[PDB]
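Trainee: Show me how the following folds:
(one chain, ligands or ions: 1)
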Amino acid sequence: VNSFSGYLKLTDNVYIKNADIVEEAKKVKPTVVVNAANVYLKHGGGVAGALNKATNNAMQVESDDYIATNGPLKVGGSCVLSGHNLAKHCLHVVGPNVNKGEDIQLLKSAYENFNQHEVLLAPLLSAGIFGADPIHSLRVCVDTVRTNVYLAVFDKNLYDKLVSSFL
Ligand SMILES: O=C(Nc1ccc(C(=O)N[C@@H]2c3cccc(O)c3C[C@@H]2C(=O)O)c(O)c1)NC1CC1
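Mentor: Residues are numbered from 1 along each chain as shown. Coordinates below:
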């Protein structure tokens, strides 16, 4: 039993809810919140900008030190940093950005990072301003993640479409 509430169950391990992932992290304080990161951990907009803003820019400060030490992530890769006031940990995962021409096959590799954590609060990778089809992202998520994932979808219209079209 866990504290996530009001989710629709899609499969044995994947749950989804129309919710602002920022509001959901503050309320649950999950062990892991996933950020929709880029390779530079520059949290400007979309999900990333929102999570960083909620940390009063502490996420960005920590991220800049991480990059200065380690260099950029790989597309499809991840790193674990602090969850600040939102979660114990933040798993920064880089999905391909279609608006940069990145290979959509990297989306499966990106979701494989979730398998290193037993339970996660997460957004759909590569959706929103990353430019991929969210229906496809959900399919890849279900078919790749084996650990327990609770997906927050900000847009109600999109949430309904994801549920209604789910096979
Ligand atoms: O500002 C926020 N939250 C917040 C959450 C998500 C996002 C975001 O961009 N989502 C993305 C989005 C939007 C529309 C269609 C989409 O396919 C996606 C993918 C992604 C998502 O929905 O996962 C955001 O811009 C801000 N909270 C403050 C009031 C406290």
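Trainee: use CA for all of it now, contacts and neighbours both
Mentor: Noted.
Trainee: residue ranges for the helices of this protein, please.
Mentor: Here the chain has its helices, by DSSP state H, at 21-28, 46-54, 58-70, 106-112, 134-144, 156-164.
Trainee: For the ligand, find the nearest of these.
Mentor: helix 46-54 (3.3 Å; CA to the nearest ligand atom).
Trainee: Not counting its own residues, what contacts that closest one?
Mentor: Helix 46-54 has contacts (CA atoms under 8 Å, 6 or more residues apart in numbering) with 21-22, 35-37, 43, 58-60, 86, 123, 128-129.
Trainee: So which of the helices of the chain is nearest residue 13?
Mentor: helix 134-144 (8.2 Å; CA to CA).
Trainee: The ligand contacts on the chain?
Mentor: Contact residues, the chain versus the ligand (CA under 6 Å from any ligand atom): 20-22, 46-47, 50, 123-124, 127-128, 134, 153-155.
Trainee: Now the buried members of the residues you listed.
Mentor: Taking 16 or more other CA atoms under 10 Å as the criterion, what is buried in the residues of the chain next to the ligand is 21-22, 47, 50, 123-124, 127-128, 134, 153-154.
Trainee: circling back: in a markdown table, list the helices of the chain along with distance to residue 2.
Mentor: Listed next are those as a markdown table, based on distance: least, CA to CA, whole Å:
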| stretch | distance to residue 2 |
| --- | --- |
| helix 21-28 | 9 |
| helix 46-54 | 22 |
| helix 58-70 | 26 |
| helix 106-112 | 22 |
| helix 134-144 | 20 |
| helix 156-164 | 22 |
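Trainee: So what's the residue count around residue 114?
Mentor: 25 (other CA atoms under 10 Å).
Trainee: my bad, should have said residue 6
Mentor: Neighbours of residue 6 using other CA under 10 Å come to 11.
Trainee: Likewise for the one 4 residues further on?
Mentor: Using other CA under 10 Å, residue 10 has 13 other residues around it.
Trainee: same check, this time on residue 149
Mentor: Residues near residue 149, counting by other CA under 10 Å: 24.
Trainee: correct me, but it touches residue 13?
Mentor: Yes: using CA atoms under 8 Å, residue 149 is in contact with residue 13, at 6.4 Å.
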